[PDB]
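These notes concern the structure reproduced below.
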Amino acid sequence: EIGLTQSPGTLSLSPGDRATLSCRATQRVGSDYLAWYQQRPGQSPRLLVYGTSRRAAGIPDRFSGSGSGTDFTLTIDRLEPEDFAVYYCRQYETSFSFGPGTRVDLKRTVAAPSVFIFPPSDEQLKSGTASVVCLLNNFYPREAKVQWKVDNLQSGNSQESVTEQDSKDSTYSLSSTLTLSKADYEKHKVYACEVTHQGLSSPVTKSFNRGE
Amino acid sequence: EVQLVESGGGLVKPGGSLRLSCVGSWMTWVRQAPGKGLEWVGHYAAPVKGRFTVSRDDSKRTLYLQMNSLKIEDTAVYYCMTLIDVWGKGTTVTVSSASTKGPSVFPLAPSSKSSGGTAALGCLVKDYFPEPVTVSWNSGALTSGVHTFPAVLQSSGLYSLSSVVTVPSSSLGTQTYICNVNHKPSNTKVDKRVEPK
């Protein structure tokens, strides 16, 4: 019956900063029926607070619950390196759904991506499919944009994936792979990858001609 | 310490059915699709109401989720939850009509100098089912620079993955690079030498 929204989607803060996450509901939720969960990559979720403001056992004092009615906030007074995870709010009165989540990552110096493009291997072309891969390496912030040009032509069928924030360097990496058939691939010459990022003053393009 | 163990998760065809169990030592079931957020299943949810039925035995210490007439969207990691909260470790339920298949490993040959100590190469772990796959470089010697990306589910129902590594451009003439792809569900191990083209 009731939908939940969280703001922001991703939160970029530094250790020692104060974090304020928001959970907003479409309809009113009683203050005994709102909880907050934390989930680190590859682990099961953990209850942080319940009943809006009450803390669970063994939870440090940085985590503070607040809010009522239709707006609730979770406060992390001073962030620690282990507090960088995904936080979900959960209602349990009329509806029992979780929120979309808020990602809290380490604020780091801006880093532009290292762009690499890889042509299909001759072994792969023996199967009848050509997949060209564009790589964006070790950038921050997480938000980046990749566009494909099979000719100087804009595409509509490719797939991307992005790593979790690295445990050490605190950067992200993204790979976009364009999938074409061998019939389509052999027809065209120049294959280009256009990358847009906050760390780049102007878009970076990496390309290769099929003959090479 | 108060612990929970889960079982019953496995590979199931879309039309099929499966039952997963949780024994302890009120209960809630939640799931998580690959790369998405926590979704409450029942303890029913709108997509699973009617097809899923939660049962409970207070004698044999177990909680059951009976998933009947599954769908592709039901593919997730299902969790137990029940003040000290305790959560199980989770067991993955994969729903697909594809059959188990070993990956085809293709080289991402180093080119695109982008030089000054950094060169990029990798492997293309393509067309496999199911998850997961393990990729190591030079039998575990190469660990600094390797990025193994989360798999994407192609339209054919088979996953695809790329694992890249950045190395000093001085070393790619001298040092040889082989990636070790291990797909345990299909009992497949593949080593592919990545050489410049």
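Quick mapping for you: the protein sequence lines, in order, are chains A and B. Using the deposited numbering, the letters of the first sequence correspond one by one to residues 1 to 27, 27A, 28 to 94, 96 to 110, 112 to 153, 155 to 214. Using the deposited numbering, the letters of the second sequence correspond one by one to residues 1 to 25, 33 to 50, 59 to 82, 82A to 82C, 83 to 94, 100N to 100O, 101 to 113, 115 to 131, 133 to 215. Cβ atoms here follow ideal geometry from the backbone N, Cα and C, with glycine treated the same way.
Item, Value
"Skipping 5 residues on each side, what residues in its chain have a beta carbon closer than 7 Å to that of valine 192 (chain A)?", "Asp152, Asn153, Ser209 and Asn211"
"Mind the definition here: the stretch 162–172 of chain B touches the stretch 199–214 of chain B only if three or more C-beta pairs lie below 8 Å; say whether that holds.", "no"
"If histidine 201 (chain B) and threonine 165 (chain A) are in contact, beta carbons under 8 Å, what's the gap, nearest whole angstrom?", "Not quite, the Cβ-Cβ distance comes to about 20 Å (not below 8 Å), so this is no contact."
"Is the shortest distance between the beta-carbon of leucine 46 (chain A) and the beta-carbons of chain B less than 7 Å?", "yes"
"Are the C-beta of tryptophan 33 (chain B) and some C-beta of chain A separated by less than 7 Å?", "no"
"With DSSP run on the structure shown, which of helix, strand or coil describes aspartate 145 (chain B)?", "strand"
"Using 7 Å as the threshold, is the C-beta distance between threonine 206 (chain B) and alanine 138 (chain B) below it?", "no"
"Can you tell me whether DSSP reads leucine 176 (chain B) as helix, strand or coil?", "coil"
"Can you confirm whether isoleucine 84 (chain B), when its beta carbon is compared against all beta carbons of chain A, has any partner nearer than 7 Å?", "no"
"7 Å is my cut-off, CB to CB: does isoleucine 196 (chain B) come that close to chain A?", "no"
"Can you tell me the Cα-Cα spacing of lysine 170 (chain A) and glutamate 81 (chain A), whole angstroms?", "13 Å"
"Assuming the contact rule is C-beta atoms closer than 8 Å, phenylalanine 98 (chain A) and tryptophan 155 (chain B) should be a hit. Round their C-beta distance to whole Å, please.", "In fact, because the Cβ distance is near 37 Å, the residues do not count as touching under 8 Å."
"Where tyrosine 195 (chain B) and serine 7 (chain B) are concerned, what is the direct C-alpha to C-alpha distance, given to the nearest angstrom?", "39 Å"
"Could you tell me which whole alpha helix (DSSP H) segments of length 4 or greater appear in the stretch 177–210 of chain A?", "184–189"
"Would you mind working out which of B:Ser82B, B:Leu100N and B:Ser121 sits nearest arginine 53 (chain A), comparing C-alpha positions?", "B:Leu100N"
"Taking C-beta to C-beta, are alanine 112 (chain A) and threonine 173 (chain A) nearer than 7 Å?", "yes"
"What residues of chain B sit near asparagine 138 (chain A), judged by a beta carbon separation below 8 Å?", "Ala138, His165, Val182 and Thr184"
"Does any residue of chain B have a CB that is nearer than 7 Å to the CB of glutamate 124 (chain A)?", "yes"
"Can you give me the Cβ contacts of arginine 39 (chain A) inside the same chain, cut-off strictly under 7 Å, excluding the 5 residues immediately before and after it?", "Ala84"
"Going by DSSP in three states, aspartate 171 (chain A) sits in which element: helix, strand or coil?", "coil"
"Can you tell me the Cα-Cα spacing of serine 203 (chain A) and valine 48 (chain A), whole angstroms?", "43 Å"
"Helix or strand or just coil, what does DSSP make of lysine 202 (chain B)?", "helix"
"For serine 116 (chain B), which residues of its own chain have a beta-carbon under 8 Å away from its beta-carbon, when the five flanking residues on both sides are left out?", "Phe147"
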